[PDB]
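Before any comments, here is the structure.
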Amino acid sequence: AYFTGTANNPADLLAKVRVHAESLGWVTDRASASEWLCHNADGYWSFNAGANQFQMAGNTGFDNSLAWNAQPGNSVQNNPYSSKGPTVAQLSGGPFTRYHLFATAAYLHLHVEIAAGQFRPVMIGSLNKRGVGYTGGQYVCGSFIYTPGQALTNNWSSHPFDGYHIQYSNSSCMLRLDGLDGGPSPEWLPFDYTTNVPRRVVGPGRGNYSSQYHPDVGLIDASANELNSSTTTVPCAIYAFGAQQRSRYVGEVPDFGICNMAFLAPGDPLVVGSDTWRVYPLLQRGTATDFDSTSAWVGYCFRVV
Amino acid sequence: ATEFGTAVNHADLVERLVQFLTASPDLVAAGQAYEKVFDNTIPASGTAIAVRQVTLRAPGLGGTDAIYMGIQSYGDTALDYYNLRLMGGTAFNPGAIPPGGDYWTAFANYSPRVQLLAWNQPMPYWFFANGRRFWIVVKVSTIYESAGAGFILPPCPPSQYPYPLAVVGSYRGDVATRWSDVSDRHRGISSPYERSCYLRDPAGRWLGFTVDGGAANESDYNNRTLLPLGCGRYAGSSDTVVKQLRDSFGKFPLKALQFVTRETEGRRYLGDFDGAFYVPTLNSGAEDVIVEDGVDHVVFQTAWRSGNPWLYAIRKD
Amino acid sequence: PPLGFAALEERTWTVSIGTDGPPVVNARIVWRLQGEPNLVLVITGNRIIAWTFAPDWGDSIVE
């Protein structure tokens, strides 16, 4: 359920998380020291560990003779992007202060502290269908940094579930929505807003950025109550745009929520009822208006069981 | 808890409203009926319809709460409007009324009045009520009106905030308006504008909420809005997701309505509407019954127009 | 303990902490109800007794 540890290199994180998944019963079609082709009852996925970053890509079929980025129905070729690039999660090289792993039968959530104040989230799973009849719902997200030293959260940067970004090569996170507007079933929709592609998805990823496109941004901003210092979680609603800019709500991120960290320190617990929640900063602790060098006060909330 | 039908006139509509509130099988069986603490007709009607004033007390679901509400039936035959004015408060005392004047001033921490527009004619009506809140929707027959008041559901202990009273109406009750008005200020509960919705702060000061700004309105209420329909605060384009919302594969999503304030002193999340939601307009519209988990919700549209951002659904249980 | 709670009713008990008990307070009070996971209220602390004797000081006090 809840796991913690340390990893000097990413490969150690690979080994530990794969060990946990196997112990939990997750089925790995193929395993290797650096390349993974695993799956579950919901969807197929593939991961590769680089020198200082992860490469993730969705999948629909299996073929052991194909490369990690050439599986049947792979996202690389079945995406509107002309670059045809898979999901990327940029990290650092060397010590990772600590990693926090949430494991279940339907999704995996990971939060790695590469260094003091630096956090890199890795998110994978399937959206809660919430009684909505649709094929897909698998989402894979990664963390990307534009440039160290300069503004870390520039406009060009991309974040999990991001609703606003500028980049032509790689996407931080993505989603599956099969048979959209009568198209072929294999469809891996990326989280983009400026490409004007007929089909796209959007999310509250950035939190409360100035040009974030989501109607709940106010809820995330007001998650904290001054009068009683109470904090409430906000489910992350995802929206998908049709061929003629007609949005259709798809679902919410299971066991996930966002809030403001104005009056909460990293890891501060607020047990609201029988179920406990863990809150951690997205990238680093900063000030309210530091939307360039850090992630401001946006905090990711996970349900711990 | 629901009273659908057609009222021969506004006076008969109010009579049916009070009869439902006092004799509904669900209310009487559960002992949630409201108590009429006042009922009088003070004015001497000249070229106008008789004005009925009623004050009623609601004990809440638990019977430990104290809710005071008022309803007024003000009309003018020479202008052929028979407005129904609504207001809320916390205490009532007939002796505190100054000579002449009006009784609504006697309410402790009195609040500005809202109203619903109707006239003397057969009129289909849609009624919802519960121990904590009541909703009125009057179908003008090719126009739809709506209003209501009650307790919102905050995320904080009622021990510290036991009076989250909210009052909402289609138009401000400070002036007399004809139901055929052609001003943007005439709208519904989902999108208050120009003194169309009030909520009582825990400090005891009533705060108005508007989804859109207005020069005429006070500067203080600009910072406090309804986020679901006020997405324009953060979005950098006129067109957003909310205006383009649509049903998914024959299924209509329901979005709640939020009460949020962003003040310089601090921020605070107040609560949600109990039984009211935002829904799209496509392939649907008024008098549409949408089920959910065995619960039915009725669809309604604002008087202004019937477009995507001016349409909402109300739970009928 | 058996206590029926009215709807929309908050019942604030008066938790009186006495002055007699073990020097180490290791308490685990369980609020067990049907159809709800156990919600144990854990009270922790220590019990101490204060020295309330005024000593004569004709001889200087040595620190």
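Going by the structure tokens order, chains are called A, B, ..., each with residues numbered from 1, while ligands are numbered from 1 in the order shown.
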
Check: which chain B residues lie within 10 Å of chain C using only C-alpha atoms, as an mmCIF file with N, CA, C and O atoms, in the first residue's frame:
data_model
loop_
_atom_site.group_PDB
_atom_site.id
_atom_site.type_symbol
_atom_site.label_atom_id
_atom_site.label_comp_id
_atom_site.auth_asym_id
_atom_site.auth_seq_id
_atom_site.Cartn_x
_atom_site.Cartn_y
_atom_site.Cartn_z
ATOM 1 N N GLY B 60 -35.284 22.493 10.822
ATOM 2 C CA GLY B 60 -34.202 21.690 10.296
ATOM 3 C C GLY B 60 -34.481 20.204 10.422
ATOM 4 O O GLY B 60 -35.454 19.762 11.035
ATOM 5 N N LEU B 61 -33.592 19.413 9.819
ATOM 6 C CA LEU B 61 -33.758 17.964 9.854
ATOM 7 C C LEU B 61 -33.694 17.436 11.281
ATOM 8 O O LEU B 61 -34.492 16.576 11.670
ATOM 9 N N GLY B 62 -32.747 17.938 12.077
ATOM 10 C CA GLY B 62 -32.577 17.449 13.433
ATOM 11 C C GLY B 62 -33.558 18.009 14.438
ATOM 12 O O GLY B 62 -33.726 17.424 15.512
ATOM 13 N N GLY B 63 -34.209 19.124 14.117
ATOM 14 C CA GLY B 63 -35.080 19.786 15.062
ATOM 15 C C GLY B 63 -34.372 20.671 16.062
ATOM 16 O O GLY B 63 -35.039 21.256 16.925
ATOM 17 N N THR B 64 -33.046 20.786 15.980
ATOM 18 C CA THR B 64 -32.274 21.626 16.885
ATOM 19 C C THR B 64 -31.884 22.964 16.273
ATOM 20 O O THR B 64 -31.320 23.807 16.979
ATOM 21 N N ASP B 65 -32.164 23.181 14.992
ATOM 22 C CA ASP B 65 -31.822 24.429 14.331
ATOM 23 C C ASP B 65 -32.978 25.421 14.427
ATOM 24 O O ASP B 65 -34.119 25.067 14.732
ATOM 25 N N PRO B 157 -17.346 22.511 11.108
ATOM 26 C CA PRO B 157 -18.320 22.069 12.116
ATOM 27 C C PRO B 157 -19.479 23.043 12.218
ATOM 28 O O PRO B 157 -19.267 24.263 12.285
ATOM 29 N N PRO B 158 -20.721 22.552 12.235
ATOM 30 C CA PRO B 158 -21.845 23.446 12.557
ATOM 31 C C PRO B 158 -21.766 24.012 13.960
ATOM 32 O O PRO B 158 -22.382 25.051 14.231
ATOM 33 N N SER B 159 -21.027 23.363 14.862
ATOM 34 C CA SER B 159 -20.863 23.900 16.208
ATOM 35 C C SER B 159 -20.282 25.306 16.175
ATOM 36 O O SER B 159 -20.623 26.139 17.023
ATOM 37 N N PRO B 162 -23.132 27.489 12.771
ATOM 38 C CA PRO B 162 -24.436 26.816 12.729
ATOM 39 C C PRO B 162 -25.484 27.497 11.862
ATOM 40 O O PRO B 162 -26.606 26.987 11.776
#

Could you give me, as a Markdown table, every chain C residue with an atom at most 10 Å from chain A, plus its closest atom pair and distance in Å to one decimal, counting only C-alpha atoms, rows ordered by chain then number?
| residue | atom | partner | partner_atom | distance |
| --- | --- | --- | --- | --- |
| C:36 | CA | A:274 | CA | 8.3 |
| C:37 | CA | A:274 | CA | 6.8 |
| C:38 | CA | A:274 | CA | 8.0 |
| C:39 | CA | A:274 | CA | 6.7 |
| C:40 | CA | A:274 | CA | 9.9 |

Selection export as an mmCIF file, in the first residue's frame, atoms kept: N, CA and C atoms:
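Heads up, here's the output in out.cif:
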data_model
loop_
_atom_site.group_PDB
_atom_site.id
_atom_site.type_symbol
_atom_site.label_atom_id
_atom_site.label_comp_id
_atom_site.auth_asym_id
_atom_site.auth_seq_id
_atom_site.Cartn_x
_atom_site.Cartn_y
_atom_site.Cartn_z
ATOM 1 N N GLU C 36 -18.866 1.092 10.430
ATOM 2 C CA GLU C 36 -17.838 2.114 10.391
ATOM 3 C C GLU C 36 -16.558 1.539 10.982
ATOM 4 N N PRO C 37 -15.407 1.770 10.350
ATOM 5 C CA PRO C 37 -14.153 1.282 10.931
ATOM 6 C C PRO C 37 -13.892 1.927 12.282
ATOM 7 N N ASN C 38 -13.197 1.188 13.143
ATOM 8 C CA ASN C 38 -12.916 1.676 14.486
ATOM 9 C C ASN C 38 -12.187 3.011 14.423
ATOM 10 N N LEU C 39 -12.670 3.977 15.201
ATOM 11 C CA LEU C 39 -12.077 5.309 15.300
ATOM 12 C C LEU C 39 -11.584 5.475 16.734
ATOM 13 N N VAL C 40 -10.342 5.068 16.976
ATOM 14 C CA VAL C 40 -9.786 5.060 18.323
ATOM 15 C C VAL C 40 -9.224 6.437 18.643
#

Just the strand (DSSP E or B) stuff from chain C, please, per backbone DSSP, written as a PyMOL selection string. chain C and resi 24-33+36-46

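Shortest separation to chain A among B:141, B:248, B:306, B:146 occurs at residue B:248, atoms counted being only C-alpha atoms.
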
With a cut-off of 10 Å and counting only C-alpha atoms, select all residues of chain B in contact with chain A and give the selection as an MDAnalysis selection string. chainID B and resid 155:157 160 202:203 225:237 240:254 258:262 265:270 293

How would the residues just picked look written out with C-alpha atoms as a PDB file, in the first residue's frame?
ATOM      1  CA  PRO B 155     -17.006  21.777   5.250  1.00  0.00           C
ATOM      2  CA  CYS B 156     -16.657  23.092   8.830  1.00  0.00           C
ATOM      3  CA  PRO B 157     -18.320  22.069  12.116  1.00  0.00           C
ATOM      4  CA  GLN B 160     -18.803  26.905  15.072  1.00  0.00           C
ATOM      5  CA  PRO B 202     -19.904  33.192   9.943  1.00  0.00           C
ATOM      6  CA  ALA B 203     -19.040  36.651  11.292  1.00  0.00           C
ATOM      7  CA  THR B 225     -17.958  34.847  -7.161  1.00  0.00           C
ATOM      8  CA  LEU B 226     -19.244  31.393  -8.120  1.00  0.00           C
ATOM      9  CA  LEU B 227     -16.273  29.525  -9.578  1.00  0.00           C
ATOM     10  CA  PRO B 228     -18.049  26.906 -11.768  1.00  0.00           C
ATOM     11  CA  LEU B 229     -19.617  29.602 -13.962  1.00  0.00           C
ATOM     12  CA  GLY B 230     -16.889  32.150 -13.175  1.00  0.00           C
ATOM     13  CA  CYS B 231     -14.064  30.353 -14.967  1.00  0.00           C
ATOM     14  CA  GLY B 232     -13.270  33.596 -16.807  1.00  0.00           C
ATOM     15  CA  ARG B 233     -11.257  34.831 -13.823  1.00  0.00           C
ATOM     16  CA  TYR B 234      -8.330  32.541 -14.689  1.00  0.00           C
ATOM     17  CA  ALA B 235      -8.968  31.608 -18.330  1.00  0.00           C
ATOM     18  CA  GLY B 236      -7.366  33.907 -20.886  1.00  0.00           C
ATOM     19  CA  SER B 237     -10.038  33.425 -23.551  1.00  0.00           C
ATOM     20  CA  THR B 240     -13.724  27.897 -22.213  1.00  0.00           C
ATOM     21  CA  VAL B 241     -14.554  24.281 -21.406  1.00  0.00           C
ATOM     22  CA  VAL B 242     -17.603  25.176 -19.309  1.00  0.00           C
ATOM     23  CA  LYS B 243     -19.427  26.925 -22.156  1.00  0.00           C
ATOM     24  CA  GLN B 244     -18.747  23.951 -24.463  1.00  0.00           C
ATOM     25  CA  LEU B 245     -19.737  21.211 -21.998  1.00  0.00           C
ATOM     26  CA  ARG B 246     -21.710  18.324 -23.479  1.00  0.00           C
ATOM     27  CA  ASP B 247     -23.117  14.937 -22.535  1.00  0.00           C
ATOM     28  CA  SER B 248     -20.921  11.853 -22.958  1.00  0.00           C
ATOM     29  CA  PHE B 249     -22.389   8.956 -24.958  1.00  0.00           C
ATOM     30  CA  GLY B 250     -25.952   9.748 -23.946  1.00  0.00           C
ATOM     31  CA  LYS B 251     -25.033  10.514 -20.323  1.00  0.00           C
ATOM     32  CA  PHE B 252     -25.401  14.006 -18.845  1.00  0.00           C
ATOM     33  CA  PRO B 253     -22.710  15.002 -16.309  1.00  0.00           C
ATOM     34  CA  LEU B 254     -23.819  16.985 -13.268  1.00  0.00           C
ATOM     35  CA  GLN B 258     -19.487  26.249  -5.332  1.00  0.00           C
ATOM     36  CA  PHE B 259     -19.421  29.168  -2.886  1.00  0.00           C
ATOM     37  CA  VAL B 260     -15.928  30.691  -2.807  1.00  0.00           C
ATOM     38  CA  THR B 261     -14.467  34.023  -1.710  1.00  0.00           C
ATOM     39  CA  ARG B 262     -11.010  35.392  -2.563  1.00  0.00           C
ATOM     40  CA  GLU B 265      -7.411  39.415   4.136  1.00  0.00           C
ATOM     41  CA  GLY B 266      -7.722  35.716   3.339  1.00  0.00           C
ATOM     42  CA  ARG B 267      -9.403  32.963   1.363  1.00  0.00           C
ATOM     43  CA  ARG B 268     -12.172  30.609   2.438  1.00  0.00           C
ATOM     44  CA  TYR B 269     -14.343  27.888   0.876  1.00  0.00           C
ATOM     45  CA  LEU B 270     -17.929  28.175   2.094  1.00  0.00           C
ATOM     46  CA  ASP B 293     -28.243   6.449  -8.787  1.00  0.00           C
TER      47      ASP B 293
END

Where in segment 14-250 of chain A does DSSP assign alpha helix (DSSP H), given as a PDB file with N, CA, C and O atoms, in the first residue's frame?
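File produced: out02.pdb:
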ATOM      1  N   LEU A  14      13.892   1.265 -10.087  1.00  0.00           N
ATOM      2  CA  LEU A  14      13.274   0.285 -10.973  1.00  0.00           C
ATOM      3  C   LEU A  14      13.145  -1.058 -10.268  1.00  0.00           C
ATOM      4  O   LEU A  14      12.062  -1.654 -10.218  1.00  0.00           O
ATOM      5  N   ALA A  15      14.253  -1.546  -9.709  1.00  0.00           N
ATOM      6  CA  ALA A  15      14.239  -2.855  -9.069  1.00  0.00           C
ATOM      7  C   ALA A  15      13.241  -2.894  -7.919  1.00  0.00           C
ATOM      8  O   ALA A  15      12.446  -3.833  -7.810  1.00  0.00           O
ATOM      9  N   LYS A  16      13.257  -1.873  -7.058  1.00  0.00           N
ATOM     10  CA  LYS A  16      12.385  -1.890  -5.888  1.00  0.00           C
ATOM     11  C   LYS A  16      10.915  -1.833  -6.287  1.00  0.00           C
ATOM     12  O   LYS A  16      10.092  -2.589  -5.752  1.00  0.00           O
ATOM     13  N   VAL A  17      10.558  -0.947  -7.220  1.00  0.00           N
ATOM     14  CA  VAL A  17       9.152  -0.816  -7.589  1.00  0.00           C
ATOM     15  C   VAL A  17       8.674  -2.065  -8.319  1.00  0.00           C
ATOM     16  O   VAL A  17       7.532  -2.502  -8.135  1.00  0.00           O
ATOM     17  N   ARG A  18       9.530  -2.671  -9.148  1.00  0.00           N
ATOM     18  CA  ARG A  18       9.138  -3.915  -9.800  1.00  0.00           C
ATOM     19  C   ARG A  18       8.964  -5.037  -8.784  1.00  0.00           C
ATOM     20  O   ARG A  18       8.046  -5.855  -8.909  1.00  0.00           O
ATOM     21  N   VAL A  19       9.835  -5.096  -7.775  1.00  0.00           N
ATOM     22  CA  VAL A  19       9.692  -6.108  -6.731  1.00  0.00           C
ATOM     23  C   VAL A  19       8.366  -5.926  -6.005  1.00  0.00           C
ATOM     24  O   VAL A  19       7.640  -6.893  -5.745  1.00  0.00           O
ATOM     25  N   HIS A  20       8.032  -4.679  -5.665  1.00  0.00           N
ATOM     26  CA  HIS A  20       6.765  -4.419  -4.989  1.00  0.00           C
ATOM     27  C   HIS A  20       5.582  -4.806  -5.868  1.00  0.00           C
ATOM     28  O   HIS A  20       4.624  -5.432  -5.395  1.00  0.00           O
ATOM     29  N   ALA A  21       5.630  -4.448  -7.153  1.00  0.00           N
ATOM     30  CA  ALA A  21       4.534  -4.784  -8.055  1.00  0.00           C
ATOM     31  C   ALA A  21       4.360  -6.293  -8.170  1.00  0.00           C
ATOM     32  O   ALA A  21       3.235  -6.802  -8.120  1.00  0.00           O
ATOM     33  N   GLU A  22       5.465  -7.027  -8.322  1.00  0.00           N
ATOM     34  CA  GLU A  22       5.377  -8.480  -8.413  1.00  0.00           C
ATOM     35  C   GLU A  22       4.834  -9.080  -7.124  1.00  0.00           C
ATOM     36  O   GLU A  22       4.010 -10.002  -7.158  1.00  0.00           O
ATOM     37  N   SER A  23       5.283  -8.573  -5.973  1.00  0.00           N
ATOM     38  CA  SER A  23       4.768  -9.069  -4.702  1.00  0.00           C
ATOM     39  C   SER A  23       3.279  -8.786  -4.559  1.00  0.00           C
ATOM     40  O   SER A  23       2.559  -9.561  -3.919  1.00  0.00           O
ATOM     41  N   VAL A 217      -9.742  25.683 -11.020  1.00  0.00           N
ATOM     42  CA  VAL A 217      -8.543  26.361 -10.539  1.00  0.00           C
ATOM     43  C   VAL A 217      -8.867  27.189  -9.302  1.00  0.00           C
ATOM     44  O   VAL A 217      -8.067  27.273  -8.361  1.00  0.00           O
ATOM     45  N   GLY A 218     -10.052  27.799  -9.276  1.00  0.00           N
ATOM     46  CA  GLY A 218     -10.472  28.514  -8.084  1.00  0.00           C
ATOM     47  C   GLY A 218     -10.629  27.600  -6.882  1.00  0.00           C
ATOM     48  O   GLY A 218     -10.298  27.978  -5.757  1.00  0.00           O
ATOM     49  N   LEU A 219     -11.153  26.390  -7.101  1.00  0.00           N
ATOM     50  CA  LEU A 219     -11.271  25.436  -6.003  1.00  0.00           C
ATOM     51  C   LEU A 219      -9.900  25.073  -5.449  1.00  0.00           C
ATOM     52  O   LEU A 219      -9.706  25.019  -4.229  1.00  0.00           O
ATOM     53  N   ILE A 220      -8.935  24.819  -6.335  1.00  0.00           N
ATOM     54  CA  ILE A 220      -7.584  24.518  -5.864  1.00  0.00           C
ATOM     55  C   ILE A 220      -7.025  25.702  -5.083  1.00  0.00           C
ATOM     56  O   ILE A 220      -6.398  25.529  -4.030  1.00  0.00           O
ATOM     57  N   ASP A 221      -7.244  26.924  -5.578  1.00  0.00           N
ATOM     58  CA  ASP A 221      -6.756  28.103  -4.865  1.00  0.00           C
ATOM     59  C   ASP A 221      -7.384  28.224  -3.480  1.00  0.00           C
ATOM     60  O   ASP A 221      -6.696  28.545  -2.505  1.00  0.00           O
TER      61      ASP A 221
END

Using only C-alpha atoms, which residues sit within 6 Å of segment 108-115 of chain A once same-chain residues fewer than 5 positions away are excluded, as a short mmCIF file (atom, residue, chain, number, x, y, z; two decimals) with N, CA and C atoms, in the first residue's frame?
data_model
loop_
_atom_site.label_atom_id
_atom_site.label_comp_id
_atom_site.auth_asym_id
_atom_site.auth_seq_id
_atom_site.Cartn_x
_atom_site.Cartn_y
_atom_site.Cartn_z
N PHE A 96 19.09 9.87 -4.77
CA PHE A 96 17.69 10.26 -4.59
C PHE A 96 17.43 10.20 -3.09
N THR A 97 17.13 11.35 -2.49
CA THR A 97 16.99 11.44 -1.04
C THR A 97 16.03 10.39 -0.51
N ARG A 98 14.88 10.24 -1.16
CA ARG A 98 13.87 9.28 -0.71
C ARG A 98 12.78 9.21 -1.77
N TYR A 99 12.14 8.04 -1.85
CA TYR A 99 11.03 7.82 -2.76
C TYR A 99 9.86 7.23 -1.99
N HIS A 100 8.66 7.74 -2.27
CA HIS A 100 7.43 7.28 -1.64
C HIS A 100 6.55 6.65 -2.71
N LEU A 101 6.17 5.39 -2.50
CA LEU A 101 5.45 4.60 -3.49
C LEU A 101 4.09 4.20 -2.94
N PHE A 102 3.04 4.45 -3.72
CA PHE A 102 1.69 3.98 -3.41
C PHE A 102 1.34 2.90 -4.43
N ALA A 103 0.99 1.72 -3.94
CA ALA A 103 0.77 0.55 -4.78
C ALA A 103 -0.64 0.01 -4.59
N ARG A 120 9.99 14.71 -7.79
CA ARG A 120 9.65 14.33 -9.16
C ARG A 120 8.56 13.26 -9.11
N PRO A 121 7.32 13.59 -9.48
CA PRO A 121 6.25 12.58 -9.43
C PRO A 121 6.16 11.74 -10.69
N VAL A 122 5.82 10.47 -10.50
CA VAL A 122 5.54 9.54 -11.59
C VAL A 122 4.18 8.93 -11.34
N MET A 123 3.27 9.08 -12.30
CA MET A 123 1.87 8.70 -12.12
C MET A 123 1.46 7.74 -13.23
N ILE A 124 0.82 6.64 -12.86
CA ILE A 124 0.34 5.64 -13.81
C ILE A 124 -0.88 4.95 -13.21
N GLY A 125 -1.83 4.61 -14.07
CA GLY A 125 -3.04 3.94 -13.63
C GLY A 125 -4.14 4.09 -14.66
#
